[PDB]
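Taking it in order: structure first as structure tokens, then the write-up.
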Amino acid sequence: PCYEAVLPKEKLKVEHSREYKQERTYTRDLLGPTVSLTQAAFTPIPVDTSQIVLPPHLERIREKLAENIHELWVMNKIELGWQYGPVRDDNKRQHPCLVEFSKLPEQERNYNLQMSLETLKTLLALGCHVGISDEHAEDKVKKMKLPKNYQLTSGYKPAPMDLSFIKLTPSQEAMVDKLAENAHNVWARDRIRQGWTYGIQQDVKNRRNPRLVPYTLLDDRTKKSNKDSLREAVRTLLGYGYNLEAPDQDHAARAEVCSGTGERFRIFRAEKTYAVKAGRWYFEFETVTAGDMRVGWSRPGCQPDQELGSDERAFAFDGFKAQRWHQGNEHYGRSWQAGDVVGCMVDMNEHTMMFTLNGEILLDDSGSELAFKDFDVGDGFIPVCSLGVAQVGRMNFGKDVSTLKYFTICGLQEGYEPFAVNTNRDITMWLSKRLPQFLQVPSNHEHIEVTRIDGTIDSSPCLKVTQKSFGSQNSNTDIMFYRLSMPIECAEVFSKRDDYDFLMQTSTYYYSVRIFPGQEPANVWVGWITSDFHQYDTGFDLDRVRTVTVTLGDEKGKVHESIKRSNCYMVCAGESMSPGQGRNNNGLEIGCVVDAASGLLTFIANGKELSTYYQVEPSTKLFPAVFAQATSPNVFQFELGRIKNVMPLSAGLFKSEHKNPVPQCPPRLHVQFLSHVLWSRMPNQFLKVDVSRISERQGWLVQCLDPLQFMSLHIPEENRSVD
Amino acid sequence: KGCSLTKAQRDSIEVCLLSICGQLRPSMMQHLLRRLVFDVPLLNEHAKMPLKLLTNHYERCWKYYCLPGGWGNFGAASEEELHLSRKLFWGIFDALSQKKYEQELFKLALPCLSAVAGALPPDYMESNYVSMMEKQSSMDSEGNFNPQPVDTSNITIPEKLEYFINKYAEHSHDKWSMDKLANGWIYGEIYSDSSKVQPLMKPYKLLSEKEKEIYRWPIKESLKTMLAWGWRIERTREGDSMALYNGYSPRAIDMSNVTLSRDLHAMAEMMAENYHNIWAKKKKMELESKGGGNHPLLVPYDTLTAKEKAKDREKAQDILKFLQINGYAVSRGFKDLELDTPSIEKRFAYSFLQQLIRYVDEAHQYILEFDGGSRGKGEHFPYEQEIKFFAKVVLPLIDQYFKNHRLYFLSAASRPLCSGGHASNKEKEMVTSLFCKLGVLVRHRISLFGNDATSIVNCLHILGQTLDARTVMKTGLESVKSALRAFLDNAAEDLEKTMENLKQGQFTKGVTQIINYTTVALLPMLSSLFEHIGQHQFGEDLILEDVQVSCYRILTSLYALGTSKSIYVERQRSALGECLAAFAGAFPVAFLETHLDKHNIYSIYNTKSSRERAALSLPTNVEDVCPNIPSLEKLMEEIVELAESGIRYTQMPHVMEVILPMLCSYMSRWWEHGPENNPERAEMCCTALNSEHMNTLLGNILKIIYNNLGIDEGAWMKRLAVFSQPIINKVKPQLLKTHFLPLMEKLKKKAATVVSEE
Ligand SMILES: Nc1ncnc2c1ncn2[C@@H]1O[C@H](COP(=O)(O)OP(=O)(O)OP(=O)(O)O)[C@@H](O)[C@H]1O
């Protein structure tokens, strides 16, 4: 059952899958990128110690550590009122650990012998330098009170010395905690090797243990058991005089970089239509948490991917570093805390701007109260906010003046108006889009440049992709994703000189991609993609592509039909090429062949049919695409040519040229590339959904009873729809 | 550096160079630094310009080289220039120490040392692996051009490289196939530049090995020089791809698209410099065989221009890129041998203050033998330049260093300078030992100092700001601990003897020198210690045991100073008063609070056991040990009665100006140590002084100044106002409204006086 997967501390709820719900505009908690939830997969990672060999001192004292651990059993089982016997059964209260290591099972005796050995070896690998102090600390042994209850049956008396006069330094105690965590990891790893898996309840038939949890999630009772055992062991090792000069407290910087995907910040802004060119305007930003947040005023040309205030589009205030941001960063104001409310003011007439923290005006390094001395009206300013990893913020446009918390003490007397002071509707709020989309390559792109080569009498029309960043710094060594703007439609139903009749009845289309010499071929992939391809990964491989295998069977269970669906049908040039590094002399023309009537995708490379082939589902829209990491100024080029008995690409793409064998490159077709510079519109209203637990008898109830609808503008060529 | 120029020509070249370097981008000047590195320590006539350039450019890059990030647009340090600059500082400092004192040159070089010392990060780890194989072409003693390369005849190329040799000779034969095609030569019987007929159309496979060896010999020497430098070469599977793969026209290959890495670029920059050194050796032999002349490229490779660098750059590029295509992996010449980062000794500040404390102890023993021999007729200084260099460079060097590193010396990675860069615990121990050495150096030597005693008291002040008591106590060598204890005890004893000679010398020779030494050095430096310790909160914990009785002695002496009355006392009264205010903050016991002194368990008078009551000599009472000091409520009766008196600043100034800074410096700290400010142990804690009572004291002082206006007042109550803005801030704003606002309007009446009223 699915309830057994809940982590012990958390309680099971049923939430919205997406972050934002229907609620009040000023109470809507704007959320930044969330921390990646890697703690679900509890992989017990041990510190490697097999490579390390015992130093000579530890080697000659290994027998004394074996005696010490024997003393540990014979105290533990005797300090708990327990007695001795062959079978380790807790009901009859019999244990062989209270007796000599000889009668004690040699296998577990040696197991604990060496797990204490790699205990000290984990100390060594942790920098704990366990060396003898003097021969006094071994020659002297103290005597403990040994009543009949504390009495044992073996000769190894559990009275080395009282550990009260022996103190373990705080860093050493922390490392004891760390090594207990390591021992818990060892235990969990052994259970994984036997195949144990975690379950909230404990079972032996399913062979499932709630104890299979990270040490942080471990229960305090087992924590303290392992704690006392291992602390007593380390204390007795110190009592043996092998003092360990503790390795330093090496401070660690977690760097707060654990965001899911490459997104570092989420930028929220109002609609461009609400830009202000004149007047005094005020709005409040409530910080639920303290962290990497920026609030201020931005121009309508603000880019959702660049951070606020790095360049000229935005005028923001970062309180985390207490710095104002406009084309740079200068010290300004103070740092906020959780719950602090920032109030932003703008004078469009006096060309001044300043901020407040809980009412008081923030001061510059100089005594002046203006955050930004002077600027230009331009196209107007709009409220903006950027939220870092695991950051929650609230933006109040002051539609309801009472909801503003510090407007009365600051802003009202100065004549500043709330940004939504006179509005009948709530302000539409635009956010940076998480999911990348394909768009036409800009002519002003700082790294990508595309040229259109007309088709001559002997050359087919070509589209050439070049990088202007190469030969200079800031060249992005990242895999760019390219595609053509117009798709091929496979047949709605699948059927179960070249001839000017076969070429007229055929439905097989072709395009070729030539990898320019010096561009590494294994860094370039050629093939087709569908409209669903929205994956932007710095590292791309054909094994990582999204796939699913829908199998439909008849009534017994026989699989009469198997369909594999994928958004990427592409091949690598490095594997397609046979001659290896001896090539790159010239050429590498990868050919893509698509059969719109049968859905067969066949690839040719330098005139040979490649082994890889893809069978696609009827009515699939395939976009010619090439993914490449550019290692040369000239990287690949689309050739819209044709081969014998194979229709040109333009014939498939366009309907007016359906029966035209001459290859063509109409202006509609253009190279498109994947990027993250796009804004998304948050809906003004959301569905009214309520979720609650009816009972343990009935479960969790979800209920939506109000109908909401929106117009969807469907772009026919790109097979996508937007509100 | 040329000497044929006139004085005006030298001035013009110096101004031009200092301007160009002054606005020059900081990273670009690395080659110029490393050329200057060996020429600066000469300290010849030419060296003033290097000293000024060092000073100005390091002062410009004070932020850059210290900050681990530096200036973000200009980046940060490379640590190679840091290793060079430490050598600069050490060479300059040691040379100047050993060689004769010239006043102008050493006042010019002192700011250079200050700038270098500041720019060098004190926390810097002197790596066990530093810059080595120092390019010696710039190390020619004359003309900084001795282009000897690294000899490589001893080493021998191994066998797996023969296939690389064949393939690279194939590339060479190909590019000369293109060369002959480009300049026009074609196949024929014999080689001829006349008709462009030229017989090398034949392939590499069948080319004659003599003519092949003509291609080897440059390739062979290049590979030998590559191997001698130590570069590890590793073999990949792309190489055996070729083996499995296995006249003519060498068909179009595409070189330019590949690119190298930055480490390999520096690597290739040095190989190109090596090749220029081989070329320059050949040119030196041919020029010496000629017997005379010069060549435009005779200047070193770093002095060269890009156009002649282009040939070396491209020919290194080509072999490198073909080496990637062949699959070899070239690395650095030699692996790291060991790391000296674990030891705090290699920390730059540690070694700096190491040789600094050796020099300070040397100067202290020199002044000891001068105290011995100064009774002899000969007053000449055999170590003249030693002590003048010390006092006017080292002491200013210490001052500027500790000023530039205010936070570093206070930094222990325990949040002071939390970004990093901590002064080690042993470093702060040895800072304290430097303070002790400066003190024992300054005891009763003011007359022997040539008016540099003011510089020395500023030095003691700065060393007083640079202290870390927690670190010294929890980790401190017993010798340094005893040094600091003997420090405090000797200062107390010096003040006690000056108190006793001032009671016996109540009426107002060597005693004049002693009292001037006291009032100019000893009282100000103790006051600086007291201010630092109280402000930086380590007063209470610097003061635990027997340091408490030492400070009891100092308190008795300081209160005797406050009750002593003379004309010279009035002249030096401001220093006395600031010493009083500083020590009140430093002193941990509410000595005024006669009734509530004893109960504090935190005092020596509670930790004092009984056996060592009897062991020490004690009056057995916190009030009997300080009989003269009055009870707090009795002084506050005094303060109120002086309210109703309104005594004049020229008639009755002594008690009324001595007590006010005392009480202000008291209650400033023992309010927040009061009974309401400490919720724990309330009215049973250190003090009982509260907001209403200090508010009465505010109105009281500000009521006396009302009568004091009649004699036009004095500056020391403006100093009280300076002390009291902290008081005004730490008093609750509610007490400001309706009581202190009427004080602002009352002082608005007081605005008639020309003096600035708050
Ligand atoms: N007195 C003892 N009690 C428990 N374990 C002991 C004892 N003496 C030695 N051991 C060793 O410690 C191991 C841990 O035993 P324990 O009872 O803690 O089982 P476990 O691994 O926690 O079980 P599970 O995986 O079923 O939750 C034993 O398998 C044995 O090798």
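Listed in order, the protein sequences are those of chains D and C. Counted the way the authors' numbering counts, the first sequence spans residues 821 to 1316, 1414 to 1640. Counted the way the authors' numbering counts, the second sequence spans residues 2557 to 2802, 2820 to 3081, 3088 to 3337. A virtual CB, placed ideally from N, CA and C, is assigned to each residue, including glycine.
Any contact of the region 2916-2923 of chain C with the region 2673-2683 of chain C, i.e. 3+ C-beta pairs under 8 angstroms? When Cβ pairs closer than 8 angstroms are counted between the two stretches, the region 2916-2923 of chain C is seen to touch the region 2673-2683 of chain C, the count reaching three or more.
Who are D:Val-1441's beta bridge partners in DSSP? For D:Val-1441, which the question treats as bridged, DSSP gives the partners D:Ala-1545.
Using the three-state DSSP reduction, which class does C:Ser-3335 fall into: helix, strand or coil? coil
Check each residue of the region 1547-1560 of chain D: if its Cβ is closer than 8 angstroms to any Cβ of chain C, include it; give the result in chain order. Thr-1548, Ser-1549, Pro-1550 and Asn-1551
Report back the beta-carbon spacing between D:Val-1285 and D:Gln-1602 to the nearest angstrom; my notes put them in contact at under 8 angstroms. Going by Cβ atoms, the distance from D:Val-1285 to D:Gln-1602 rounds to 43 angstroms, so no, they are not a contact pair.
D:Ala-1513 (DSSP reduced to helix, strand or coil): Here D:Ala-1513 sits in coil by DSSP.
Any heavy atom of ligand 1 within a distance shorter than 7 angstroms of the CB on D:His-915? yes
Check the Cβ of C:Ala-2825 against every Cβ in chain D and list those closer than 9 angstroms, keeping chain order. Neighbours of C:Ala-2825 on chain D, chain order: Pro-1434, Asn-1502 and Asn-1503.
Using only alpha-carbon positions, find the residue among C:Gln-2928, C:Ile-3035 and C:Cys-3130 that is nearest to C:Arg-3058. Checked all of C:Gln-2928, C:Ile-3035 and C:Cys-3130; the closest Cα to C:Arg-3058 is C:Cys-3130.
Show which residues of chain D have a CB atom less than 9 angstroms away from the CB atom of C:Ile-2898. What C:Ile-2898 touches in chain D: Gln-1498 and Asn-1501.
Closest Cβ-Cβ distance between C:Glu-2794 and chain D: below 8 angstroms? yes
Flag D:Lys-897 as yes when its Cβ comes closer than 7 angstroms to any non-hydrogen atom of ligand 1, and as no otherwise. yes
Determine, using beta carbons only, whether D:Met-1249 and D:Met-995 come nearer to each other than 8 angstroms. Not closer than 8 angstroms, so no.
When DSSP labels each residue in this structure, what does D:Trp-893 get in the three-state scheme? helix
Within-8 angstroms CB hit, C:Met-2681 to chain D: Taking Cβ atoms only, chain D never reaches closer than 8 angstroms to C:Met-2681, which makes this a no.
Identify whether C:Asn-3269 lies in helix, strand or coil by the three-state DSSP scheme. Coil.
Cross-chain neighbours of C:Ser-3335 in chain D, by beta carbon under 7 angstroms: Within 7 angstroms Cβ-Cβ: nothing; C:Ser-3335 doesn't reach chain D, min ~18 angstroms.
At which residues does the alpha helix (DSSP H) containing D:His-1151 begin and terminate? First-last for D:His-1151: 1149-1151, but that is the beta strand (DSSP E), not the alpha helix (DSSP H).
Contacts of C:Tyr-3096 in chain D (Cβ-Cβ under 7 angstroms): Those within 7 angstroms of C:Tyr-3096 in chain D number zero; the least Cβ separation is about 43 angstroms.
Would you say C:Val-2831 reaches chain D, if we count a Cβ-Cβ gap shorter than 8 angstroms as a contact? yes
Kindly list, in the order they appear in chain D, the residues whose Cβ is closer than 9 angstroms to that of C:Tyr-2801. The answer, in chain order, is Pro-1496, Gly-1497, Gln-1498 and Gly-1499.
Can you tell me which of the three DSSP states D:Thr-1286 falls into? strand
Per-residue burial, C:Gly-3049 [other beta carbons within 10 Å of its own, 16 or more giving buried]: buried
Around the C-beta of D:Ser-1186, are 16 or more other C-beta atoms found within 10 angstroms, so that it is buried, or is it exposed? exposed
So C:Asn-2998 is in the alpha helix (DSSP H); what residue range does that whole segment cover? 2998-3015
Assuming residue 1641 of chain D and D:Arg-1086 make a contact with CB atoms under 8 angstroms, what is their CB distance in whole Å? Absent from the structure is residue 1641 of chain D, since the part of chain D shown begins at 821 and ends at 1640.
Quick one: which residues of the region 2688-2704 of chain C get their C-beta closer than 8 angstroms to a C-beta of chain D? List them in chain order. Nothing from the region 2688-2704 of chain C brings a Cβ to less than 8 angstroms from some Cβ of chain D.
Counting pairs of beta carbons, one from the region 2687-2694 of chain C and one from the region 2714-2725 of chain C, are three or more of them closer than 8 angstroms? no
Is there at least one Cβ from chain D nearer than 8 angstroms to residue 3085 of chain C's Cβ? Residue 3085 of chain C cannot be located in this model; chain C continues from 3081 straight on to 3088.
Just checking, does the region 2890-2905 of chain C make contact with the region 2775-2792 of chain C on the three C-beta pairs under 8 angstroms criterion? yes
Closer than 7 angstroms to a non-hydrogen atom of ligand 1 - does that hold for the CB of D:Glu-928? yes
Any non-hydrogen atom of ligand 1 closer than 7 angstroms to D:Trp-1016 Cβ: Answer for D:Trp-1016: yes, Cβ within range of ligand 1.
Entirely enclosed beta strand (DSSP E) segments - the region 1194-1255 of chain D, minimum 3 residues: Within the region 1194-1255 of chain D, the complete beta strand (DSSP E) runs of at least 3 residues fall at 1202-1207, 1212-1216 and 1249-1252.
Selection from D:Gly-1179, D:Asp-982, D:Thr-1455 and D:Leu-946 that minimises the alpha carbon distance to D:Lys-963: D:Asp-982
Got a sec: does ligand 1 put a non-hydrogen atom nearer than 7 angstroms to the Cβ of D:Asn-911? D:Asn-911 has its CB no nearer than 7 angstroms to any heavy atom of ligand 1.
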